[PDB]
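What follows is a single structure, written as structure tokens, with notes after it.
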């Protein structure tokens, strides 16, 4: 069947398989979770340590796309770094022309349209990265948006991407995140990240946590190591 | 075979199979959209299904505003749908800039549809798999409903449907137009909801349906609030 | 069969893997091994060069991008020469524009972006050179490896090339000692780690080992055939 | 075999198959009939619609390129609009350069040249619509057909679309060169009647007439009168 | 497998499409060149009159410029393009360096054009091999040959085209300093050689001579008749 | 048990399972189709020798040009497709000249090889320029010259890799000639010994008996510029064999 | 296997099949015949189109006047022909603008043939599938007839026929044409005789043939398409002449 | 030669009329007739034991050629009903196969879609032919097998498996006759369905002459 070879092609039943195949790529990558609470958005990534040789605090999967917005990526990392660059360029342009920090909903849309373009043409493959963007602005509020390789963009109160997406969603679902405050959520994100990690299949993980909110004064920033350490302890204790 | 697999190649019987395959994609979404034109109002209703509780309900919509007075419901692949909406919004503004008056709905469908033919004739791109239904009020011709399909066909209809149950939906609507009674705003909305509900057998609650209306009295496209949708839904059940 | 899905970088496999990129990654294994390690004050690259014939000279495995940055190539030499030129020009550009040595990390990001474009677009093959980049910048000594896949990693130490697992193994066991090591000790540790990659009959010689050292006070220098003699003499005998 | 897929490949036997396949698309198209009377040319086509829901006023199969030239099509509908727009544009370019309405023969040569261009490149697909172009220039009626191949022929009368072969035979039997348009429009409705496969109604058929006055589409009421015969 | 694209190289490093274009030259009409001490003679076989066909239009031997003449074997149309392009260059060199083109410069230019066509897919190699005869400023006679590949070599005498193998063998045995001693003898050698491969007699050979400063002269059919007669009589 | 499927060989820009980029490898095989060329670098100078492979007596021997002068200091012996060599010899000639214009100095043999190599590397569709051959070049060049570092011989291959070689043979009999070269080469040999040794190796590899016409020999001793032995000089050396 | 696609691949045996395939197409086309006579040159073509409901609005379906001094007839894909005829008319007008003299006949043919060769050499375009006969008077070589092929190879022929049953026509012409003795009147007769044999229809309709003659009168070339009455007379004269030979037999 | 074409065209015109007639009348009528047989009680016997036919071979015991052993009458009467039916289907299929083969068009490079519709149908008709031909063979084998088994039983009166085989062979034939009528009914139906749905291409594969591009 030659229907799946290209994204230009459409299968007789109407499905563009190459895009679906690209979505399977994200499942290969490790889980990453983002939860939006009233104060702001907290993102967490379980970063597998493949080798002791690799430096800690490197191979980051959480990128700052602009002062007010942060991106967590899952999927082929190379594409993600490139998508992050597209996002940063778009953010700069919105500031340069419209003169203010990009509204996140718009940013998601512009990046999504770029991602969708790859879906239509046959020369370029669909991007293999699924990413989440989050920002807190006093006027806009706290916003978490996730973009699939298809280019579908939607706003999620809580969201997960990666190998354990289904399992994580069940845990995230029992959180009542809207009421919860940002500091409490960081502990909760860690608990979920620890629960989903499979020790047998994956030897070890370093939790990378980032947050944007009133506490960060609307700047996406890596969680201070004191806060991260406290959370990692809370998580191991909860794992029992 | 091999007659399918490229939009450009024509089948030995001249059927351009890839374009037909795209129309199948609209159905793969699993959602249906119904539009009915009243004497003074045009309404578009679509099924809103939220897959996960986590997703914010506000973000998920198939109803978009091309311009202040034109509204569209796009059924098909979600990503392709957003792409067409942007082109429509760009085209709508470009008309105001160049010609100085708001684009007539028919001309927006014509431009959007013509763009689709280019995709159908050029080899590299794939026909976008989405169908857009536009509702607007033209002062000269009153309310207007137009649908553009992935082929580039742009017919305007008194009432139409797109999606999994389109054929069934069309039959229900056809019976209602044949017994013409004209439609007041309430009836136009009621007919739309009854049609979507009957074909899907859903017995809808306010959350599952998104309804958008354009009226001669208030020409601007408005997406009705859940309460407004509930009021019409309650009336349908009461009578 | 699955012969399909492997022809081009633009085709995603049914299970989410782009095979050509993986095939490109295999190219680094074909090349001779190179080991890079770092100490708080210095970064060292050591390489095992190979020769076509006794009469022929050993190939260059370590190349100088700039005073603060140097690279060791494992894989197709051609891709390396091309990437090195891009890197050299990017560094020269920073000095002309900002009069600052380019942060080593920033250069690796640029090499990644250039490297990724071949992966997503039909046309150029993915670069099949694996590069170890070493430099001292204000942040400190840095050792980074770049895969034929554009992904790049920051490493305390790394060996890329044929039989490089053996070197990675030695490096992991003796890794803690490296941070406080003196330059002679650090190059010595590295020469031993690459020795593991060598076949048992073969031995490190002045001819096949190239050492490149960059540090706060040392501009990247590639000690070559007769200048590796000081570092090699102190080494012991095969375990 | 291999010859069938490419458009730039002549088959052994020197046939460009994709063009032949393209003509097949026109054959599947709704019946269209054109008769050139002495006083005028009548273009008529079936506009059968799947449902009462469709609003007929919205789209017209018979369209006016210029005041005196009008065309009807059989084939892929999206394609007709592209050609019509290019045609309307090509005519306006003639007016600007020569400040005279374009002779019909000239437009058909120009529209056909556009069609041939689409045929040459591999990337594009041949247009799948054939156009019947009718015009009154220099006090003389003219009818022309342009096929997807890029070839224009001049027909006193012809039918394109489903049952074209049978339609042409009926027309050859019923065609008189001295026919006046009022009689001719009747002949055309009869030709379409042969293959309608449904009760013809004013809405089901669209008809257009070209004369000294220029191309006009008979409105539904006028056709109802002609159908009453 | 490895014969469908010019760019692809076969396992064994043979570029097949270029070799196949050389086969095309073999199907073409024979041509022979002999570098005499003071005259260069280029002779080509004529396939047939066809009776109702004017012969002026069909000319294998052409003058690239005053001092350079070319004969071709291979697809006829391609030759007309190469000949024309060479003529533009001859005149362009005269514009750029004010000096008449040397025979080799024209050979190198013609060769580069052909190589350019072989180098990229999307263009087909010109299926022509040519014999370029010319006299240089020193006045040494020069004969060069070119092939669809783009290799140019200088030959004291050579034959391209159908039957080239047979004539070249005849030339190898027949060619000697003694044969080139007389300008008539040189014309006779080419005629004798073409006779070996031409099915008919003198009626089917078109021959031309370029002298030290004289322009190319296509010998009149009668002059050819005289030469064939002298050769036949001597036989 | 034969698995001969291949299917990744055709088309450059395709990496085989095992990452081998076979089209380039096949190009390296092409140089084997070419006539053998042997270069020996000695302190006295670098000597280059090639087998003409003359098909017919009528072809003029001078025209076959497998040894050419890039500049007085550097010369090249090429084996492989003659045509692609002509382009590579030309890039080299222009680059040596461009260096004189820009820097008023003579390019070292290594830089000139790097320069031609850069052109060879472009076959990968590395650049967007239309005028770049898609196929890897099918020629291998041995570049020998006297520079600041003294006599040097660099060998370049269709891949574009270049390396200094004390002695190398490129061509049909390169395997075997190289083996013999390994045994004969000693760093101390004078050019006179090398010329004799190289011609002895060529006589063994060449099918035809060695004659002045069938071989081309050149030397670039430090004082002298590239010199091509004339038939008379060649006759004297061949007689010594 | 298949060395016959893409027009740029020489087959083992060096044959460009796509051009050969194109030449096959001309064979299906309606026969066109040109005869060169001392007084004038004539082009006669068989209008294959015979559908009753077709109109003769144009000056000719298959004879086109490229320039004041030359004309052409086309056999092959009609659409391709329209492109070439437009080009020929432009090429000629360009020569007149530049040199202010009429284009020599061979040159117009050589230039179109060059466009035709290019389409064969470059990869994307199909070789043009038309073969056309050009008739013209040039000061240099007087009256000339040239035939072109999809290959881009052109030739000068005293008489030739392109299209269906071309071979039969050439054979008839080979015996019948008298070199140096032809006059337009005799040639028009030769044309009717050859056309009658080649065409399947027993009687030339006189609406199934188009005959156009180029003659220089008063120092200006005149290309005239013979009107139907003139052709009908020619057919009658031939019918009678052949019948008289049969009556003698 | 024209005369030759005329006679063959007559054969074709006869084949076309007969084939059309067969599709329009014989095939539908036969589907009803064969279904009637399946419904008939004789082919729907509830207890196969009733079908058992007596084998009067002396059973051996510790202290002549067997009396004539007749074939199961029930099976023979059924076979007599089935054997004519099998033959008509084979003949009617052969008429259809010839008609399609006659209609196959002059081999040409393009427009081979119609040729394919015919070729696909020919595959079904070929498959049906092999299945039906096999049915004719089974009828012959049953008589020979029952006979050989009966002979073996008489020669070796002691072995009782030989006796069981004869009874078993008969029961098997009964099961197979029911299946064969069911298959013939289905085969008549399938040919009507494929030919009816694909008739336009099968009768006119190339289609009507296209507009001239020359």
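Protein chains in written order, with the numbering used here: chain A, 9 to 248; chain B, -2 to 236; chain C, 86 to 324; chain D, 34 to 262; chain E, 1495 to 1729; chain F, 888 to 1128; chain G, 5 to 253; chain H, 15 to 228. Quick reminder that beta carbons are idealized off the backbone N, C-alpha and C, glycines included.
The alpha helix (DSSP H) enclosing residue 170/C, as first and last residue numbers: The sequence position of residue 170/C within the third chain is 85, counting from 1. Counting along the chain, residue 170/C sits inside the alpha helix (DSSP H) bounded by residues 162 to 183.
Cβ separation of residue 1609/E and residue 1568/E, assumed to be a contact under 8 angstroms, to the nearest whole Å: Sequence index remark: in the fifth chain, residue 1609/E carries index 115 (1-based). Sequence index remark: in the fifth chain, residue 1568/E carries index 74 (1-based). Rounded, the Cβ-Cβ distance is 16 angstroms, inconsistent with contact.
Euclidean distance between Cα positions of residue 100/A and residue 15/A: Along the first chain, one-based indexing puts residue 100/A at 92. Along the first chain, one-based indexing puts residue 15/A at 7. Their backbone Cα atoms lie some 31 angstroms apart in a straight line.
Rounded separation between residue 56/A and residue 214/A - CA only: Counted from its first residue, the first chain places residue 56/A at position 48. Counted from its first residue, the first chain places residue 214/A at position 206. A direct Cα-Cα distance of roughly 6 angstroms separates residue 56/A from residue 214/A.
is_contact[residue 238/C, chain A] using C-beta, thresh 9 angstroms: Here the question's residue 238/C lines up with position 153 in the third chain. Taking 9 angstroms as the threshold, the shortest C-beta distance from residue 238/C to chain A falls below it.
Per-residue contacts from residue 192/A into chain B (C-beta, under 7 angstroms): As a first step, residue 192/A must be located in the first chain, where it is residue number 184. Taking a Cβ-Cβ cut-off of 7 angstroms, residue 192/A has no neighbours in chain B, whose nearest Cβ is about 18 angstroms from it.
Among 191/D, 212/D, 94/D and 152/D, the one whose alpha carbon lies nearest that of residue 201/D: Along the fourth chain, read from residue 1 onward, the residue named residue 201/D stands at position 168. Ranking 191/D, 212/D, 94/D and 152/D by Cα distance to residue 201/D puts 191/D first.
Cutoff 6 angstroms; reference residue 80/D; Cβ partners in own chain excluding five residues on either side: In the fourth chain, residue 80/D corresponds to position 47, counting from 1. Closer than 6 angstroms at Cβ, skipping near neighbours: 94 and 239.
Run of the beta strand (DSSP E) containing residue 75/G, from where it starts to where it stops: Reading the seventh chain from its first residue, position 71 is the one you call residue 75/G. Membership of residue 75/G in the beta strand (DSSP E) is indicated by the continuous run 74 to 80.
Exposed unless 16 or more other CB atoms sit within 10 angstroms - verdict on residue 94/B: Counting from one through the second chain, the residue named residue 94/B turns up at place 97. It is exposed - the Cβ of residue 94/B has fewer than 16 other Cβ atoms within 10 Å.
Residue 186/D - DSSP class collapsed to helix/strand/coil: Position 153 of the fourth chain holds residue 186/D. Strand.
Pick from 87/H, 64/H, 67/H and 58/H that is closest to residue 196/H, judged by C-alpha positions: As a working note, residue 196/H is residue 182 in the eighth chain. Nearest C-alpha to residue 196/H: 58/H.
Contact the segment 196 to 209 of chain C vs the segment 71 to 86 of chain A: 3+ CB pairs below 8 angstroms: Counting Cβ pairs under 8 angstroms, three or more are found: they touch.
Contact set between the segment 1628 to 1651 of chain E and chain I, restricted to residues whose Cβ is under 7 angstroms from the partner: Included in the structure are the protein chains A, B, C, D, E, F, G and H, with no chain I among them.
Inter-stretch contact at 8 angstroms, needing at least 3 Cβ pairs: the segment 1065 to 1082 of chain F / the segment 156 to 164 of chain C: Verdict: no, contact absent.
Close Cβ partners of residue 134/C (< 7 angstroms) along its chain, the five nearest in sequence each way excluded: Numbered from its first residue, the third chain carries residue 134/C at position 49. Scanning its chain for C-beta atoms nearer than 7 angstroms, with the 5 sequence neighbours on each side dropped, one finds around residue 134/C the residues 117, 143, 144, 146, 293 and 295, in chain order.
Near the ligand GDP: residue 143/G beta-carbon under 8 angstroms from a heavy atom: The ligand GDP is not part of this structure, which contains no ligands at all.
Test: residue 15/G CB closer than 9 angstroms to a CB of chain E: As a working mapping, residue 15/G is identified with position 11 in the seventh chain. So yes, residue 15/G belongs to the interface.
Neighbour-count burial assignment, residue 126/A, 16 or more Cβ in a 10 Å radius: Here the question's residue 126/A lines up with position 118 in the first chain. With 16 or more neighbouring CB atoms inside 10 Å of its own CB, residue 126/A falls in the buried class.
Proximal residues to residue 1541/E (C-beta, below 8 angstroms), its chain only, five neighbours per side dropped: Sequence index remark: in the fifth chain, residue 1541/E carries index 47 (1-based). Apart from the 5 residues on each side of it in sequence, residue 1541/E sits with its Cβ closer than 8 angstroms to the Cβ of 1523 and 1698 in its chain, given in chain order.
The segment 196 to 206 of chain G / the segment 62 to 78 of chain G touching (three or more Cβ pairs under 8 angstroms): Segments in contact, no.
Contact set between the segment 41 to 74 of chain A and chain B, restricted to residues whose Cβ is under 8 angstroms from the partner: Cβ contacts with chain B come from no residue of the segment 41 to 74 of chain A.
Beta bridge counterpart(s) of residue 14/B as assigned by DSSP: Along the second chain, one-based indexing puts residue 14/B at 17. DSSP lists no bridge partner for residue 14/B.
Residues that residue 1145/F bridges to, as DSSP identifies them: This structure leaves residue 1145/F out entirely; chain F is present only between 888 and 1128.
C-alpha distance - residue 97/A paired with residue 1000/F, whole-angstrom precision: Position 89 of the first chain, counting from 1, holds the residue named residue 97/A. Position 113 of the sixth chain, counting from 1, holds the residue named residue 1000/F. Taking the straight line from one Cα to the other gives about 41 angstroms.
Nearest to residue 911/F (by Cα), restricted to the options 1031/F, 1126/F and 1021/F: Working through the sixth chain from its first residue, we reach residue 911/F at position 24. Nearest option by C-alpha distance: 1021/F.
Residues that residue 248/G bridges to, as DSSP identifies them: Within the seventh chain, the letter at position 244 stands for residue 248/G. Residue 248/G is not bridged to any residue.
Pairwise C-alpha distance: residue 91/C and residue 52/B: Locating residue 52/B in the second chain gives position 55, counting from the first residue. Locating residue 91/C in the third chain gives position 6, counting from the first residue. C-alpha separation (whole angstroms): 37 angstroms.
Inter-residue spacing [alpha-carbon to alpha-carbon] between residue 218/A and residue 210/C: Mapped onto the first chain, residue 218/A falls at position 210. Mapped onto the third chain, residue 210/C falls at position 125. For residue 218/A and residue 210/C, the gap between their C-alpha atoms comes out near 36 angstroms.
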